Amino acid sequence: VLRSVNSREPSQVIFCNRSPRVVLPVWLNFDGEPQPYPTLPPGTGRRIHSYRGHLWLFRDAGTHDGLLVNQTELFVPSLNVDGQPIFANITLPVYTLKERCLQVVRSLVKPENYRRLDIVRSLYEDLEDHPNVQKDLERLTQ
C-alpha cells in the first residue's frame, strides 16, 4: 500500500540534518520495501537526486528512533519551481518523557539484561519493543 510511484520526473532535494543524531534516510521502493541510503552526520547536508511521487522517511542510524522531516513522518519530493531544490528539514521530535527515558535506558543496558532490571513486566516489554521501520510501516499504512 505505501510505496513510491514510478513517475520518472526528476526532483532535486537538500537533506538537511538539524538533529544531534546520525541520520539514516530510507526510500520506500516500488514494491514498498525499505531501502537504506548513506548516513548524514549531525548538522550536515547533502544535495541528492530523487523523483516526484517518491516516499522517504528518516531514523537515528544507531537506534532506529523516529525523526521528523518538515514537521511530519513522510517526505515526498515535489515539482522544482525556478530550478530551486526542495528542502527536507530533518529534526528531533518532542518525544514523550517515557519514550525518552526508554532511549537512555536502552543505551546503557545490553538487551540480555533488560530482564534483570527491577521494574514491572510491562516496562521490560516496552524496552524489548524497540523502534523498527516495519512496525511503523504497518501503523502508517493503517
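In this text, rigid core is short for the largest set of C-alphas that superpose within 1.5 Å between two forms. Numbers follow the displayed sequence, beginning with 1.
Practice item. Overlaying the structures in 9 other deposited structures of this protein on the rigid core, point out which of 89-97 and 113-121 has the bigger RMS C-alpha shift. Key: More C-alpha displacement in 9 other deposited structures of this protein shows up in 113-121.
Review point. Which is higher in the entry, the mean Cα B factor of 54-62 or that of 109-117?
Key: According to the entry, 109-117 carries the higher average C-alpha B-factor.
Practice item. State which stretch shows the higher mean Cα B factor in the entry: 20-28 or 128-136. Key: Going by the record's values, the stretch with the higher mean is 128-136.
Exercise for review: Among the candidates 101, 90, 81, 74, give the one with the maximum CA B-factor reported in the record.
Suggested key: The listed residue with the largest C-alpha B-factor is 81.
Exercise for review: Could you look up the Cα B-factor of residue 86 in the entry and say which third of the chain it sits in: lowest, middle or highest?
Suggested key: Residue 86: CA B-factor falls in the highest third of its chain.
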